[PDB]
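Here's a solo chain for you in structure tokens, the form deposited in one PDB entry.
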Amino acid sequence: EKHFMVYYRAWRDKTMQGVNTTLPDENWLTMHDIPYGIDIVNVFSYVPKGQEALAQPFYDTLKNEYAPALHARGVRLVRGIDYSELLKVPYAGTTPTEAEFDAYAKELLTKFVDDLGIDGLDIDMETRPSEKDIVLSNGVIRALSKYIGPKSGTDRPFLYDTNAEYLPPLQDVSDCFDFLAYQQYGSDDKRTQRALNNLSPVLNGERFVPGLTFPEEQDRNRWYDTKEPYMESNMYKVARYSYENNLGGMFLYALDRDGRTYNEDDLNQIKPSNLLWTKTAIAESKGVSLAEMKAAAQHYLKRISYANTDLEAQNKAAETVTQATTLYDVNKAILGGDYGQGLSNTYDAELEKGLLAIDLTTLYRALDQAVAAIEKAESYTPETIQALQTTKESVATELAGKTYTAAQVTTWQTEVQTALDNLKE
């Protein structure tokens, strides 16, 4: 049971503009674009004071569109809150009672979770809080565990993310979280096992999810978790270590920045991304075999060949997939190094895996006969070849889309086959 999480920077969704940035660039992705295979999304949102109205459209879309759509895909969502939030528990006396802890836990869940249609919570603790703070945080976390996390009896996640191994705020309430999200941006599996060992008294490796980042625009820090050769990048090392040592999985920060750099062009720009590194990391963490990856890649290349006019690029991609030695290479053969540089910008290995179950052989032979008829176009009547061409191009465009169903494939088979049976001469 592996997890793959992502911290979705809310202010980089299309529904936001001018929130938490000074860059006039338009955002390029929505939450619909989050790749398949990610089972936990952390709606990570920070709104500078005075911009709440600008971020409200995103929250509305999240509650009414993104969250239902991602729930339909089996994805659970969590909200990222500061650890200090837990410290704001109201109480009358010198220390909060059990009832006051419960009241503030329900308050947090209504404020940050239920009011957005989201499932769970994520506590971002990058501090060294004192014993006084930890009393309150322990009370609040234990109260929350009644409604979210393992001790709640529900599917709702309760996560604890940190970049260090300060145990005091975690040792007394460790069993209330589904897993700990360890941020190790710019570090490989050595820091991973170092932190695992330092967290051993309070956390088992199976509930330890290491995570890396992509370069954030205008960032003062410099975390290099991507690089070629792929097998020398921190992403490969951490993913393969997580799979090999049966860790809880892996997470990534700033999904929108997949494939970006700190170069002056990327540092001050918002650009689209083929999400190559994210999908590769999902596969590497899950332990996908190279045969599986190649099969999915070839299925995708076959179902887009009817709509793609670049036969040379098709041949090159197919050959590279066959000659690929790593999952990264199989994904890059289709996606390319960067957005637009590939035969496709949206190929998703997990989505394609889901599609594998649908048989396309009938549709494929029908489309091949249609292509043969279009090749001998001068030999039929135009009034009928034009029906065939319109139907074939429409079916090929639809077949190369993001997803399809068995019923749609049946309809397309019927349409192409009718168009074929109606050719004159």
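Rigid core (definition): largest C-alpha set, two forms, superposition within 1.5 Å. In case it trips you up, residue 1 is the first one in the sequence shown, and so on.
When the C-alpha B-factors of 66-74 and 370-378 are averaged, 370-378 comes out higher. Across the two stretches, 379-387 and 392-400, the PDB entry reports the greater mean Cα temperature factor for 379-387. Sort the modelled residues of the chain by CA B factor and residue 286 lands in the middle third.
Per-chain ranking of the deposited C-alpha B factor places residue 415 in the highest third.
In the deposited entry, the Cα temperature factor of residue 27 places it in the lowest third of its chain's modelled residues. Sort the chain's modelled residues by C-alpha temperature factor and residue 364 lands in the highest third, per the entry. Sorting the modelled residues of the chain by their CA temperature factor places residue 300 in the highest third.
Although it is not shown, the form deposited in another entry is what the next lines describe.
Rigid-core fit between the shown form and the other one: of 67, 400, 373, 29, the one residue whose Cα shifts 2 angstroms or more is 373. Residue 10: CA moves less than 2 Å between the shown form and the other one after rigid-core fitting. In the core-superposed comparison between the shown form and the other one, the C-alpha atom of residue 388 has shifted by at least 2 angstroms.
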